[PDB]
C-alpha cells in the first residue's frame, strides 16, 4: 500500500529519470521538445536546464507557473491540447524529438480516459527516433514501449519510441 505522498515522490523521481534518459536518447535529433501541461512548472524548469540545442514548446490552457518557470510567449501554445495539438501538427509537422506529458489531475480514472483520448492526437507529432514520456499509460498504434532507466519506478512514467 502506498500513500499519495509515496506516489507523488515516485512520480517526480521517475520523471526526472525518464526525462534525462529521453533527452540523452534523442540528442541526435534537432526538432523541438513538447511539454504538455505546465502547471507549477517544475518539469519545464528541469527541461530548460537539461535540453541543449532544441527549442521547448509548452502546451497549457491556463498559465499559473512559478515565475522562474514561465515559458516565453513565442514558445507557449495556449489552449486545450485537444484543439492545439492538431493545429500545431499543421504548423510544424511530424518533427518533435521528445513529447512529455504530465496532464493528470487527482482522479486516476479520468486520467486514464484522457490518456486514451489524447494518444492518437500525440502520435503523429513524433519524428523518427522521437520519444514520448508520460505519467499515464498510453494507447498508441505504432510507438514501441521502452524499458525504464535506472531510478524510474514501474507504473509511474512510461516511455515510447517512434521506430
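Positions refer to the first chain, counted from 1.
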Taking the deposited Cα B-factors and averaging over 26-34 and over 102-110, the higher mean is found in 102-110
Among the chain's modelled residues, which third holds the C-alpha B-factor of residue 55?
middle
Within-chain third of residue 160 by Cα B-factor, per the entry:
lowest
Could you look up the Cα B-factor of residue 123 in the entry and say which third of the chain it sits in: lowest, middle or highest?
middle
Of the three thirds of Cα B-factor ranks in this chain, residue 62 occupies the highest
Residue 97 by Cα B-factor - lowest, middle or highest third of the modelled chain
lowest
